Amino acid sequence: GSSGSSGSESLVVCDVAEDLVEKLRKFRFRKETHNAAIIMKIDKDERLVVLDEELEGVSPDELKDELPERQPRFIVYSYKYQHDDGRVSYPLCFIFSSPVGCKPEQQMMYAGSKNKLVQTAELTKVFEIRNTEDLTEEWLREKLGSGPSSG
């Protein structure tokens, strides 16, 4: 199909609900050992990012399952990067689950809104997947291994 779409110049940003933020804050300063996953979504009337659900001791391969494969959703997972020496830390990263089968009118909302989130949860690593399926164990260590670069 040879279509030359132009598109509209307008972004839809929102704020993070205190009810959710609180959770994000703890995530980083979590006193647990197992893994975790915090999902977030935006409403049409609430026009504010609220807590969707909280997962515990989950995996990067099973988490994607609890995520939509048609619409973009927010999910904050914390992988476990073990170090040969013996020490192991859980680096908090933001996985922007955006299914290719999603519409642009929505991508703009979650897109502009996402950024803000990365600031609320104080996340340094931010990865995005074109399909919830991609979100897997291997793919996980992949992002932590080779992330963004400056130049």
# chains A, B, ... in the order shown; residues from 1 in each chain; ligands from 1
$ closest_atom_pairs --of "range 41-96 of chain A" --to "range 9-13 of chain A" --cutoff "12 Å" --atoms "only C-alpha atoms" --output "tab-separated table"
residue	atom	partner	partner_atom	distance
A:42	CA	A:13	CA	10.1
A:43	CA	A:12	CA	11.9
A:44	CA	A:12	CA	11.1
A:47	CA	A:13	CA	8.7
A:48	CA	A:13	CA	8.9
A:49	CA	A:13	CA	9.7
$ write_last_selection --atoms "N, CA and C atoms" --output "PDB file, in the first residue's frame"
ATOM      1  N   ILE A  42      -3.691   4.537  31.708  1.00  0.00           N
ATOM      2  CA  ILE A  42      -4.303   5.860  31.699  1.00  0.00           C
ATOM      3  C   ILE A  42      -5.775   5.783  31.305  1.00  0.00           C
ATOM      4  N   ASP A  43      -6.603   6.573  31.979  1.00  0.00           N
ATOM      5  CA  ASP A  43      -8.034   6.597  31.697  1.00  0.00           C
ATOM      6  C   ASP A  43      -8.395   7.792  30.819  1.00  0.00           C
ATOM      7  N   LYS A  44      -9.622   7.794  30.308  1.00  0.00           N
ATOM      8  CA  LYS A  44     -10.092   8.877  29.452  1.00  0.00           C
ATOM      9  C   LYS A  44     -10.642  10.030  30.285  1.00  0.00           C
ATOM     10  N   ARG A  47      -7.702  10.946  33.156  1.00  0.00           N
ATOM     11  CA  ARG A  47      -6.564  11.596  32.516  1.00  0.00           C
ATOM     12  C   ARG A  47      -5.362  11.636  33.455  1.00  0.00           C
ATOM     13  N   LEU A  48      -5.187  10.568  34.228  1.00  0.00           N
ATOM     14  CA  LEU A  48      -4.077  10.480  35.169  1.00  0.00           C
ATOM     15  C   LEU A  48      -3.595   9.040  35.309  1.00  0.00           C
ATOM     16  N   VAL A  49      -2.277   8.859  35.316  1.00  0.00           N
ATOM     17  CA  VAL A  49      -1.689   7.532  35.447  1.00  0.00           C
ATOM     18  C   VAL A  49      -1.943   6.951  36.834  1.00  0.00           C
TER      19      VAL A  49
END
$ residues_around --residues "range 119-121 of chain A" --least-positions-apart "2" --cutoff "10 Å" --atoms "only C-alpha atoms" --output "ChimeraX atom specification"
/A:15-16,20-28,76,92-94,114-117,123-124
$ atom_distance --atom1 "CA of residue 91 in chain A" --atom2 "CA of residue 144 in chain A"
8.3 Å
$ atom_distance --atom1 "CA of residue 97 in chain A" --atom2 "CA of residue 3 in chain A"
26.8 Å
$ atom_distance --atom1 "CA of residue 61 in chain A" --atom2 "CA of residue 135 in chain A"
6.3 Å
$ closest_residue --among "A:66, A:89, A:45, A:74" --to "residue 126 in chain A" --atoms "only C-alpha atoms"
A:74
$ select_by_dssp --residues "chain A" --states "strand (DSSP E or B)" --output "PyMOL selection string"
chain A and resi 15-16+36-42+48-56+73-78+81-82+88-89+92-97+125-129
